[PDB]
Ligand SMILES: Nc1ncnc2c1ncn2[C@@H]1O[C@H](COP(=O)(O)OP(=O)(O)OC[C@H]2O[C@H](O)[C@H](O)[C@@H]2O)[C@@H](O)[C@H]1O
Ligand SMILES: Nc1ncnc2c1ncn2[C@@H]1O[C@H](COP(=O)(O)OP(=O)(O)OC[C@H]2O[C@H](O)[C@H](O)[C@@H]2O)[C@@H](O)[C@H]1O
Ligand SMILES: Nc1ncnc2c1ncn2[C@@H]1O[C@H](COP(=O)(O)OP(=O)(O)OC[C@H]2O[C@H](O)[C@H](O)[C@@H]2O)[C@@H](O)[C@H]1O
Ligand SMILES: Nc1ncnc2c1ncn2[C@@H]1O[C@H](COP(=O)(O)OP(=O)(O)OC[C@H]2O[C@H](O)[C@H](O)[C@@H]2O)[C@@H](O)[C@H]1O
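Protein chains in written order, with the working numbering: chain A, 1 to 401; chain B, 1001 to 1401; chain C, 2001 to 2400; chain D, 3001 to 3398; chain E, 4001 to 4083.
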């Protein structure tokens, strides 16, 4: 259902708490991989199946010799991937260091497969990834409503809205190019496009006396970004990328040697050369720790230490509000009372059980999804009625009926 | 039964009084030993039964040979402990001077066993005192609600809360190390912790253009404090203590020395070496002497002569309000009408029979306990709905019927 | 031997530069392992010597079979000891799952030997490690001067000082606890003390009547940090650590627990333990990339690639200034100009030769040490260089 | 014979230091028993030097049987008379409790004979103690000037003076009722006068230089406890009639939990509460910035007041001035392995690199009536008696 | 416990225009005088010298004026060097 302060509240008060919440001077959203299922995307549960359905032999070694997975988990499809990768990357260093040439070649294929199945699930359109005007179809519609609503609810003087995302897909840009709105992502240029971190401090303005713009922060990168040195990162278009490297990976049986820039692991600090991750999380921190702040969270399954460890430390400021959508809120209050349960549901039942009115939690199956989320945000009122006569006139009329 | 100004008052007015009391500049809470019964604590009437059950041979000498306690008072368990601990030292001090070496032993044997029983009554969890994470259990939730509410209902600009107590136990620390709130108690350091009385004048601040906190005053000491007589007071955690100077006190059956500093007697000034005792009562008064001040009292039996003189002298100021909880009030009202009654009943009914509307007493038995005192406190409203617009249209609902 | 941009300087042009540099917005310090030799510590090669004296049997299974070290470096005493324990932990973790019992004992037995040798060298007081008031002893006399001089010269509306360090010992804490200063290190609590990274952004403030506090970043860890359950990291006191684990380490033999210790950069593959190491470098860069910044270095050998990368990248910003102390310029210039020396020498030399008025290097053997770095820093005016306190405390204690 | 900072001074450079000291924010004064020998009083030697003479048959029990005093001290006349009374008061309660009928009547005599030498000496007059208008006489002439100068040397906005003493006599109240000055002392009321410990936080003001503060650390003759549990103040005429004309001219001591001088019944939780609140205020006035304290009449034979003063020089804004008229002998005696704790204590700080301290000696040059004359009158202060020639012309109109 | 200064304060700056410095005072202070380990000093009259602590040096100034804004006092001073 809907909980606040550890207690229960009703629909007609949530519908107005939202309204009163979208009038503050700092508003943001954080999306995950579920928000992209209505457009062609996939979840991590739908990747293990596609791995064990097209690479059946390697799986045998993973279960028999190296002893990394259990048959029960594979059969029941309850196996993680962002933790398997970090172990397949550990069994490899201590083999390259002790010079065993029969395991390097057996561990260099598994990672390529896990990186190919993670890539085929972020295109959203298959072969039509390189064409143009893909933000005109009937799928990228609520992604347009979201931006329109976020931007039309700002009075002058206030700051622009922010968006935070993990997934690599391009569903937020396709829907803003079709709409006439310029997002900011850090880079600048066309013939050589390059990251300068002081581009997050710019802002439009007009000659005499447009105002429609927003900021986009991707925390785990994209599949249009590449690296060539230790001081530069470049971006190309989609047709260009699909010709250069994204086609070989999909079709040829090569080993992934660092063509594109993604962090799908569990410990993302082992990457001792990445300097974008830090500049993104620094801005996330700087934003979450200022007064009169509101945040919406959707699509996130609560399996990231680094983010569950930031959301807790911001609830010690008495001007910060969150709203959280989680369908399976009942099957997690069930399991965690009788001892069992993973950390994912522990983390969110901990939040459900609190005594501060600055936390709200929504459940209820298919009414906590993205399409329902959007329809709970309000359109503004252009000409605000003082409405004294509006209600006065009907107040008198009642009795004569 | 609730009496304001000697008159009679009802619940739906009491509850609106509390709301407006909790919106003043200075607010405070004084607690006692009854606030720690829902967690594993005992009382002074039970300490006596335990000392009666064990050690039955000293009680003989105590009644017959020394004329120091009466048979009736013993049986009926009405005896005071602080006025016996304050005579078993006089009887000693006289013998230390007359040089009666045998008389100089019984009283040591008696004081050791009297100090050993009030020590194992502040170990709320008996043998799990040394373990970690004791504030996660179920017996400590009404201690978290208190702090949460007191901190929540504060505005930007208004000072922070203070908490006064007389107990020795660690509940209000176990129940804050969980939330992640930081209490100030006057000490500093980790490897060598020392008491400086200027840490009561500090606050927090974010270093831009975790600021929750509160102040705690223990008036009678603690189990984690000790003195080397170099005129320095050292604080320690709850495992070092158990390992070094508590297991002995309990089991080793030794004599007593000033291992840790507690003031359980009746005249706290006899201790001509205590200087930390005097920096707490110098703040109690400095607090209650301010304007726009409210105090809530719970758990206190009104048997302290030096405490029940300051509250009387603070009631000649028109901006100080006090609320008191006393379960067994009818019996006192009758016992003083019959010309009898003890010195605490004579005080509580004299506070009840006033003619000022700044005193409020709350009886009713189980309706005056610590778990109800907390539900009486309010949660705040963050977006104040004036609903003056709503009045117009919700007024007409009654018309239809 | 003092060089600025290749050209030489004199002491009076140098002391008039340090003062101009210490008046800037942001100030910082980066220390090393040599700074702790005037107190009872040791150096990384004096560690390897003692290792290969007492344990020469395990020194063959480490160069022949597993390829973990090289003979040239083992002979010239040029081994990294904080980079080998991590690899050995990786090996052991792999063997546990692969279930090869013939290989877990041979790694337990050679980790118990490395920890026993790195721990013993960081107590600084031996068996007087679990006692109290270890900052009064005279060995810790300049660590106090450093702190006091860094604080006593700041003005209202100016950020407080930060102190980064690679050591894993308790000297600065023992000193501040005796001066009466507060250091923030990311922890909070006494009965359960936990890591909160959001409180490197806090500060103090007085109500009516304050600015005595500083920030400390430790890049490799400490002996007082450990892990009990999956999700949390705890801190304790010296007297408590000594009784829990630090004693068996020394006395008992064949004692090794597992992924329980957080020193030095060892169990870096978990996700609850590397989160602690990464924040420090994060904050290091975020500090070293501000405007109007100055950095002093002392005790660092320049055997790390990432820190040198960070510094060289930072030097693009025209408002960053540095100062370095390396007492082997002469013994390295030739060894590198004839045929080549070692990466450390090459790196440290590349900086001497540039057209920069915002770099500086210092040599002279015993003239570029810690007891002399602490003396080039200006001393305030009102700060009292007299002690009529002890003569009164003596009489107060004599009263009887 | 005037030592500042370890070295010497002269009269003028010190009389110019005094004037600058009296102009600080907080000013105070601490007096002793040697300040009331110019009015009819007696020091603490002369009291034992007479108890010894008048009651020898009791001087043996205290030494050979109960061990309450030592022989060399009694022979050199160096005993503390307050702690003896406290201990003898605490020896009687045990016996009264456990029903010993010999040790109960053996101590009544001791206490009756001890409470009879200190009372007779605290009456500064004699049978004129019960009468009215006693501060009009000649003995109380410098006590007036002290207060006049302490009040008239302040400015508007500056606080009022404080006064601490160890006597239990009525020499500063008689001498203020005459000037027309009001002293706060904690008590309020007339028909039932009671102790309220917050009246020290009050002050006057007009609606169209009136008051000061007094702290008595050892009690007074007019304080007592009734069959109730509360302390009550009364006037001298009423006290003479209740409980002072029997002490001397009879042999009566059966109210053993009744009197509040000279620091006796501190084992009752109701009588110690009034003693504590005075030291708790001394140790809080003596810890403020810009404070000055003048001492006079006090022999440094108390451990706690010394342990309280010594610990206040650690703030650089507290200054002290001391009068000790037997400083030469003490230096002599402690030069060569000797001396008592008081002499050692004073000599300890006589040698210091502290400009906050200043010591004065010279016998009759360090007495009360010279302390006073070292204090200044303002230049616009009325002194000539120009109103007294006119109050008798109104009497001649009989 | 840190002894950053062996000296009490007298006020705090609130204004800076050209080369004339404006100072406000504390509350209890009336009678021209302040105290310290060596003795007593006058601080309020025109023609007197005053000092400001500025990091690692000491700025010296001379008093010119004295006025009201228990009301609020105010002072004006001019710098003449540093130690
Ligand atoms: N139509 C829908 N609308 C909204 N939510 C949905 C929908 N369908 C399913 N869900 C919810 O989507 C949730 C499953 O989302 P997950 O597979 O965890 O996406 P991830 O991106 O977290 O996974 C990778 C993480 O790993 C790294 O650590 C990063 O932190 C990443 O977050 C379920 O709760 C569904 O109820
Ligand atoms: N569950 C409960 N909730 C609230 N109150 C309770 C509960 N159970 C009992 N009570 C009340 O708790 C009260 C307990 O009264 P006593 O134990 O005699 O008083 P003290 O604990 O302050 O005595 C110790 C102090 O007394 C000296 O002054 C020293 O300062 C000592 O520190 C009763 O009124 C019960 O009705
Ligand atoms: N008294 C002294 N004062 C100043 N410097 C001294 C003194 N004594 C010796 N030195 C200098 O101190 C230096 C000792 O260098 P080392 O202790 O091996 O290096 P580290 O402690 O940084 O090793 C840790 C790093 O190793 C890995 O790369 C990790 O990345 C770590 O960052 C010599 O140059 C001496 O000239
Ligand atoms: N005319 C005079 N003017 C000034 N001073 C004088 C005069 N005559 C003597 N003196 C000095 O007055 C002093 C007399 O010292 P004493 O009366 O024994 O000591 P106390 O009055 O503090 O006794 C009360 C204490 O007794 C308990 O122990 C408590 O601790 C109390 O504090 C000598 O030094 C003389 O030089």
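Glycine included, C-beta positions come from ideal geometry on N, C-alpha and C.
May I ask you to list the residues that DSSP assigns as paired with residue i?
| i | result |
| --- | --- |
| residue 4024 (chain E) | E:4012, E:4074 |
| residue 2361 (chain C) | C:2003 |
| residue 1205 (chain B) | C:2203 |
| residue 246 (chain A) | Residue 246 (chain A) is not bridged to any residue. |
| residue 3224 (chain D) | D:3232, D:3259 |
| residue 221 (chain A) | A:262 |
If you measure between the beta carbons of residue i and residue j, is that distance less than 9 Å?
| i | j | result |
| --- | --- | --- |
| residue 1167 (chain B) | residue 1218 (chain B) | yes |
| residue 3045 (chain D) | residue 3077 (chain D) | yes |
| residue 1269 (chain B) | residue 3219 (chain D) | no |
| residue 3321 (chain D) | residue 3353 (chain D) | no |
| residue 3030 (chain D) | residue 3279 (chain D) | no |
| residue 1097 (chain B) | residue 3087 (chain D) | yes |
| residue 2036 (chain C) | residue 2169 (chain C) | yes |
| residue 2332 (chain C) | residue 2339 (chain C) | no |
| residue 1159 (chain B) | residue 1026 (chain B) | yes |
| residue 3214 (chain D) | residue 3172 (chain D) | yes |
Taking the beta strand (DSSP E) that residue i falls in, what are its first and last residues?
| i | result |
| --- | --- |
| residue 182 (chain A) | 182-184 |
| residue 3331 (chain D) | No beta strand (DSSP E) holds residue 3331 (chain D); the alpha helix (DSSP H) holding it covers 3327-3335. |
| residue 2163 (chain C) | 2162-2165 |
What residue does the alpha helix (DSSP H) around residue i start on, and which one ends it?
| i | result |
| --- | --- |
| residue 1352 (chain B) | 1345-1352 |
| residue 2281 (chain C) | 2274-2288 |
| residue 2305 (chain C) | 2305-2314 |
- Query: According to a CB-to-CB cut-off of less than 8 Å, which residues of the segment 3312-3324 of chain D neighbour chain C?
  - Reply: Against chain C - using a Cβ distance shorter than 8 Å - the residues of the segment 3312-3324 of chain D are 3313, 3314.
- Message: Residues of the segment 2371-2388 of chain C in Cβ contact with chain E at a cutoff of 9 Å, in chain order, please.
- Response: Answer in chain order: 2378, 2379, 2380, 2381, 2382, 2383, 2384, 2386, 2388.
- Item | Meets three-Cβ-pair contact criterion under 8 Å: the segment 1050-1057 of chain B and the segment 1125-1135 of chain B | No, the segment 1050-1057 of chain B is not in contact with the segment 1125-1135 of chain B.
- Can you list, in chain order, the residues of the segment 3182-3201 of chain D whose Cβ is nearer than 9 Å to any Cβ on chain B? So the close ones are 3196, 3197, 3198, 3201.
- Between the segment 346-357 of chain A and chain B, which residues of the former have a C-beta closer than 9 Å to a C-beta of the latter? If the cut-off is 9 Å between Cβ atoms, the segment 346-357 of chain A has 354, 355, 356, 357 near chain B.
- Task: Scan the segment 2268-2295 of chain C for residues whose Cβ lies nearer than 8 Å to a Cβ of chain A and list them as they occur along the chain.
- Result: Listed in sequence order: 2268, 2269, 2270, 2271, 2272, 2274, 2275, 2277, 2278, 2282, 2285, 2286.
- Query: For the segment 1097-1111 of chain B, which residues have a CB atom closer than 8 Å to at least one CB atom of chain D, in sequence order?
  - Reply: Using a CB distance below 8 Å, the part of the segment 1097-1111 of chain B facing chain D consists of 1097, 1098, 1099, ordered along the chain.
- the segment 1247-1256 of chain B / the segment 1108-1123 of chain B touching (three or more Cβ pairs under 8 Å): Yes, the segment 1247-1256 of chain B is in contact with the segment 1108-1123 of chain B.
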